[PDB]
Amino acid sequence: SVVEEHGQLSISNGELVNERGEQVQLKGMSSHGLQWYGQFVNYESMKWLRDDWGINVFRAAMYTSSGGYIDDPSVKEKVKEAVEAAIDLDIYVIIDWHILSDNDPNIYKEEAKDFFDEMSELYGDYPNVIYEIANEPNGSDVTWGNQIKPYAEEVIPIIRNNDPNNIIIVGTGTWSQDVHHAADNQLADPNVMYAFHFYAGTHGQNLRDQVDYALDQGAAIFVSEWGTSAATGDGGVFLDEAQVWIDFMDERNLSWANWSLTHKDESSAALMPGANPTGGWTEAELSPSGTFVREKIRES
């Protein structure tokens, strides 16, 4: 139903819109790393998230390093499974080239180009796909103008040769926080968005104002990862600040994916130790974070 109704997504005047030009807001879950917690990514669990939580997007977080794709490329087949499930479920799907410790996207750019060539050749004639080409650039020596923008200007052409206009999300500096610099030096492609990531354990008032600055430059922003925890993914759940961010995102029509769908013993994890990898979770099998995120998407 979602993808049949909204169909082809695009950017118009800095906003995500559907094929009839109406604003649309995606809300869903991210996997944790597919090399660690891939058992939670399958048609049945995605169907349960669609039907019980109300998700309309799912993000497949394919780490590159940390035992991910560069070390063992078999994880690309789990991305394919997730994309195919999203197609069958009629929801959107984010293919996330999940850089982190490999903090400059240029480190594995050759591999990225080949991966995105393959994915856009396979799936480029479906409207469900959203490409996220570099999760979280980070480090003082990785800047928008010097590293990230030129990386995007190598990878985007590869995708566009196969898929002329599905959305591409491009990471920003400082762990996808530095939307100000990206918004002042935007990419040419008209269906690009810039990633912004937050964690509710950080006091967020200036970060909200910086997102507003970026939006005021006509840049489109996708909150492709956020947590209810501290920036480590752990240390406590911060639902008051999370709610402030939820309301901000609704006011600004910002799409989002929450980190993350796993049973790992960390506060950002949505599931308890006993949660079935194929879905059907009871209240007791959701963590405090998961309970909150489910409520937010159901309310929407």
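What's counted below: heavy atoms across the whole structure, side chains too, no hydrogens, waters or symmetry copies. The first residue in the sequence is number 1, and the count goes up from there.
For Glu15, the salt bridge (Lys or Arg N to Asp or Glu O under 4.0 Å) test picks out no residue, with sequence neighbours left out. Applying the side chain to side chain donor-acceptor pair (under 3.5 Å) rule to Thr64 yields the partners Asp102; only residues at least two apart in sequence or on another chain are considered. Residues satisfying the side-chain contact (heavy atoms from CB on, under 4.5 Å) test with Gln25, not counting sequence neighbours, are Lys27, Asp250, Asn253, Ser255. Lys149 meets the side chain to side chain donor-acceptor pair (under 3.5 Å) test with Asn185; sequence neighbours excluded. With sequence neighbours left out, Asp117 forms a side chain to side chain donor-acceptor pair (under 3.5 Å) with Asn162. In terms of the salt bridge (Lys or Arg N to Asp or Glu O under 4.0 Å) criterion, residue partners of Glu225 (sequence neighbours excluded) are, by chain and number, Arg59. Considering only residues two or more places apart in sequence or on other chains, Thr278 meets the side-chain contact (heavy atoms from CB on, under 4.5 Å) condition with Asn42, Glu44, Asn276. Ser74 is linked by a side chain to side chain donor-acceptor pair (under 3.5 Å) to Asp72, counting only residues two or more places apart in sequence or in another chain. For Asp125, there are no salt bridge (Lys or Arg N to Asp or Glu O under 4.0 Å) partners, not counting sequence neighbours. Partners of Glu5 according to the side-chain contact (heavy atoms from CB on, under 4.5 Å) rule, which considers only residues two or more places apart in sequence or in another chain, do not exist here. Legend: residues meeting side-chain contact (heavy atoms from CB on, under 4.5 Å) with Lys80, ordered by chain and number and at least two apart, are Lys76, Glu77, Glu84, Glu118, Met119, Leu122, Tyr123.
Considering only heavy atoms from C-beta on, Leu254 comes within 4.5 Å of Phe248 through its side chain. Taking the side chain as every heavy atom from C-beta outward, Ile159 and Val155 approach each other to under 4.5 Å.
Through side-chain heavy atoms spaced under 4.5 Å, either directly or across other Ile, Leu, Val, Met, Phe, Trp or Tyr residues, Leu16 is tied to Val2, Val3, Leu9, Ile11, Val24, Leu26, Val57, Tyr92, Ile94, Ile130, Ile167, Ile169, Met193, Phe222.
Ring-centre distance between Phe292 and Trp245: not below the 6.0 Å cut-off. Between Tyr199 and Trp226, the ring centre distance reaches or exceeds 6.0 Å.
Atom CH2 of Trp256 and atom OG of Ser300 lie 7.5 Å apart (nearest 0.5 Å). Annotation: the span from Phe116 atom CZ to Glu121 atom CD amounts to 14.5 Å, rounded to 0.5 Å.
Relative orientation of the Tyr213 and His180 rings is parallel, given thresholds of 30° and 60° on the angle between their planes. Using cut-offs of 30° and 60° for the angle between ring planes, the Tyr63 and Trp259 rings count as tilted.
Salt-bridge annotation for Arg294 and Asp52: present, with a side-chain N of the basic residue lying under 4.0 Å from a carboxylate O of the acidic one. Note on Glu295 versus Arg298: no salt bridge recorded, every NZ/NE/NH1/NH2 to OD/OE distance being 4.0 Å or above.
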After noting the C-alpha distance and the side-chain angles of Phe198 and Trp175, does the key distance pass the ring pair (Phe, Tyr, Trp, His ring centres under 6.0 Å) rule? CA-CA 9 Å; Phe198 73 84; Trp175 295 273; over 10 Å; no

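Donor-acceptor pairing under 3.5 Å is recorded for the side chains of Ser224 and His197. Counted by atom type alone, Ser176 and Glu136 present zero donor-acceptor pairs between their side chains at under 3.5 Å. Side-chain contact of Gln35 with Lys78: a donor-acceptor pair under 3.5 Å is absent, judged by distance alone.
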